[PDB]
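Count along the sequence shown starting at 1, add 216, and that's the number in my numbering.
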Amino acid sequence: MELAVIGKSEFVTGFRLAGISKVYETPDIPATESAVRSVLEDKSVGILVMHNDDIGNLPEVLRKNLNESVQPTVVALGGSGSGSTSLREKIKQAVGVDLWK
């Protein structure tokens with residue numbers, strides 16, 4: 217298997233040293249499509265790894281599409297990491313309105 221990564225430039229410069237890790241650089245959200253063209257075929261070659269720091273830009277666009285097209289191993293970095301959530305509640309009694317309705 218090969219090593220495919222999609223992040224910044226400085227990222228590829230680090231791995232390029234050992235030559236044992238192919239990393240890309242997608243500074244712009246639109247330019248990302250460029251690297252995706254080479255990944256569409258290099259996705260089933262080994263392990264893939266991207267950075268949500270650029271992918272997140274396309275939620276309902278990418279995150280949504282890949283959500284079901286996540287065939288290969290797209291290791292996305294970031295996105296969640298370590299955060300929290302929330303909750304809610306109702307009144308219940310409100311249902312009484314459905315009685316008169």
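For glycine and all other residues, C-beta sits at the position ideal for the given N, C-alpha and C.
Checking the sheet assignment: what are the DSSP bridge partners for residue i?
i	result
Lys-238	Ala-220
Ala-292	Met-266
Using only alpha-carbon positions, find the residue among the options that is nearest to residue i.
i	options	result
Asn-268	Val-261, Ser-260, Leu-278	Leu-278
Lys-224	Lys-317, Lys-238, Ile-263, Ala-234	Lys-238
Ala-220	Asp-270, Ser-302, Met-266	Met-266
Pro-246	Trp-316, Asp-270, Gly-235, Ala-234	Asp-270
Among residues of its own chain, excluding the 5 on either side of residue i, which ones have a beta-carbon nearer than 8 Å to its beta-carbon?
i	result
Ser-298	none
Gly-272	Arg-279, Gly-294, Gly-295
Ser-260	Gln-287, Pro-288
Identify, in the order they occur along the chain, each residue of the same chain with its Cβ nearer than 6 Å to the Cβ of residue i, setting aside the five sequence neighbours on each side.
i	result
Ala-251	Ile-222, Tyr-240, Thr-242
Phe-227	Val-239
At the level of alpha carbons, what is the spacing between residue i and residue j?
i	j	result
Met-217	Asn-281	25 Å
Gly-235	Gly-262	16 Å
What distance in whole Å lies between the Cβ atoms of residue j and residue i, which are believed to be in contact at a cut-off of 8 Å?
i	j	result
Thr-289	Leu-264	5 Å
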